[PDB]
Structures are given as C-alpha cells and as structure tokens.
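One chain is shown next in structure tokens, namely the form deposited in one PDB entry.
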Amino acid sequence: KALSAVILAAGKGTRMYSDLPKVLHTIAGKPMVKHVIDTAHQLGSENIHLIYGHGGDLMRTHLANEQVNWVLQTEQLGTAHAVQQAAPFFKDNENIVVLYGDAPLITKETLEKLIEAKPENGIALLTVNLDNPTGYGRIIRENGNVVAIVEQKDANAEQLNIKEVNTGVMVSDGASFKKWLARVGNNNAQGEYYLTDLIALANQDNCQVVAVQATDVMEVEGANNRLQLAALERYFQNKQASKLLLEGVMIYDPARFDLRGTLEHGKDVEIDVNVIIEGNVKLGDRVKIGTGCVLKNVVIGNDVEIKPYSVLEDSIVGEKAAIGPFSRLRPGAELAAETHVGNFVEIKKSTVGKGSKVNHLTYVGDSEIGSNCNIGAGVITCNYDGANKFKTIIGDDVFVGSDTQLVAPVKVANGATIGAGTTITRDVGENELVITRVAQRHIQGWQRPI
C-alpha cells in the first residue's frame, strides 16, 4: 500500500546559537532535513509533508527544489498539533511515517522494518535500548504489544530499569492519524499536545501497538547543539568510510577521511590521510590520492596519481595523468590522458591535450593547449586592461619557454617554439621560432659589499 511521510522541521534550535534554523545545519555537506527528505523519498513516499516555522524564509531558499508539501505552522503547541497541520492531506488508506528533521541518520532499512511490522488499524513504534535511559519514556510491553509509554517521573522502581525507550518515530494509516490526533489533549506539565499520546489512544480503541528496535542508537539521536552535531558527523563519516573499505577502497585512515556527496570508484583505489571528497566524484581504477587533497565535482580516469596538497574543482582528468603536489585545478579544467601538472600551477577553464606538461609556477586560464606541448616554468596567460577575458589557443607540439607571458587573445600554431622571457601578443605561425632579443649592460669589476 501507499506511503507518505511527515517531517518535523520547525525548531529554532536556540542552542546552536545561529541565524540558521535548526534543521538547515549540515551533516556531510547536506542539511539535516535534506538527509531525512532523501530517506523518505527512497522509502517510496508519495507525499512528504514538511512542517516548518522558524527561519521560514531561509528554509524556502535553501530547500527551494525539494519535492515536499510546505506546511507552515504559526504556533508551537506540541508535536501532535504539528502533525495535525498536515493531517488533512493524509489519504485514509496510505501509511504515514513520522520523522524528525533534526535526527538525520535514520535509515531506509530501519524504516522498512518499521512499516512491515505495522498491524492493520494499529501503530508501529520505533524504539531503542539505552544503557542510561534517564529522562526518556519507557516502553511497557504486555505480550508482544506496547500498552504504555511511562515517562521518567511517573515510573516506579522496576520500570526505571527498562532500557527500551521511545524515539518518537511511528507509522500508522492516515484515517487512524486523523482520528487519534483529534483526541490528543494538553493536560500535562508542559501544556503541549504530544504525539506520544497516540499510543495510549490506540490502546483505548483496542488497536495494536507493536515495537520495533532500531539497531543503531545514532539513527534516532537528534542534534540540539553543534557538539551533538559533530558527533553525528563523525559517526556518519565513519560509516561511509567503512562501506567504502568493505567495497575495496583503500582508505589509509577512515578517521581522517571526509565524503560530502557521492563517490563512484573502480578497483584498487588508494586514498591517503586527510582527503576531502565533495559533490559528485568519480574515480577510475588504480587512482591514487595523496595526503591533503580536496576533490569537488571531478572525474578522474584510470591510473591517475594525484600527489599531496592538490585542490581540484569541476574538472576532468584523463587516464594516466599525473597531478601535484601543490596543483590547483579550477572549474573547467580538462586534462587529457597522460598529462602532467606540477607544483604551484593553477589551471582555470582550459583544455590541455594528451601528453602535455605544465610542471611549475604557472597560470593557464581560458586556454586551449594541444598534445605534446611543453609549458615552461613561470609561464602566464594574461589579458589587456580592457573588459572581458579572452582566449589563448596553443596548438600541438609547442614549446613555450620559461617566464613567457601569453597575452590573449592570441594563437600559437602547431610546432612553434618560443624562447624564455618572451612577451607574446601577436599570433605565432606553424613552425615559427620566436626569441626575445635582449639588451644588457655588462660592468666589470663591480664589487659587492663584504
């Protein structure tokens, strides 16, 4: 049967001490609430009702493209009142799962077990075992069913030893939600309408509530401050790393590895310590990434080595290329197979053809470079003091001598040779040699200070 989700996302998150609302804070580069939306989506949710409030304008801008129903709650009167705002949109004969935008690590697999266990006209409640369950509502089981959730203050001596606890995550059908939400009261110390009370109300109707234990506590742990958020971060990164290691990626130290997006990999990939992978990255077979590298939105071909302290963004690198150390590839850098990019080199929005080398102290911007070129140390593409930034075109088999400026727009044809220290402003023809004629003054017997 069909399924929809409700995600609670209205919290201010005061203890974050932030201008952002609570659920927009990120884990692995992605807002907490986005993790939960994505999980709801892969679970098969037909609709996702996003209950929001605080920082409303920011929620809308940061999540503009999310396929969710925006339910703006105007007052915080408890979670049952919050969920009830979405209730008119529930189909009677679909399941509804309730999730929390500040508990981002809840998994599809746990939620599939929760939904599968839901008895008809009843509730499936996600629970978890804690070593120190102080403060949290204890799960009371009679037979295989939950008959109550007794809070800390009400529990007797024996009930306090119960380790099983309420997570707030639950699944019931839409008609049942509409019915029971209307019957929730606010007669308690906080004066709030608690979603917790649905368990009691279901039992009032002789409906079955069954418990399903989450396997990992961190799946149901929320973050109320940045300390707790960093704990979720580290747990998540460790889990991502472990998956990659079991898939055959050699991560030298999983505690010093960060993935903030998606990684596609081949076999025998090696990733040294303190590497960050961001956005969508694809690594081919036998790619080796040295320490300190940052790769954001890149495709790296088979047999590429990236040496330490290289930073790459929005770039493509062909097979058997060698990059680094201290290389920077900026958006639009496209390196062909068997290229070489070296230390203190910056490449921006340029193509570099097969076998070409750019190995030191060089800036190449807005350029096309052909195959088997030799770009000397200190070479710089530049522009006139004008308006827009023009293109430098270098053909195949060109030698550009060290410390030469190429002044765009300019074209250097196949097989040209340019001497060191040259300023190139005019087009260079095929097989043309250009050498700078220097004038020097030589003074003999010039004694330097002793």
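Residue numbers run from 1 along the displayed sequence. Between two forms, the rigid core is defined as the largest C-alpha subset superposing within 1.5 Å.
The form deposited in another entry is left out here; the points below concern that form.
### Query
With the rigid core superposed, which of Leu232, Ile277, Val304, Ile149 has its C-alpha shift by 2 Å or more between the shown form and the other one?
It is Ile149; the other listed residues stay below 2 Å.
### Message
Quick check: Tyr363 between the shown form and the other one - does its CA shift reach 2 Å or more after fitting the rigid core?
### Response
After core superposition, the displacement of the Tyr363 C-alpha between the shown form and the other one stays below 2 Å, so no.
### Query
Just checking, between the shown form and the other one and with the core aligned, does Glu334 shift 2 Å or more at the CA?
For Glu334, whose C-alpha is compared between the shown form and the other one after core superposition, the shift is less than 2 Å.
### Query
Taking the rigid core as the reference frame, is the Cα of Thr262 displaced by 2 Å or more between the shown form and the other one?
Result for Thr262: no, shift under 2 Å.
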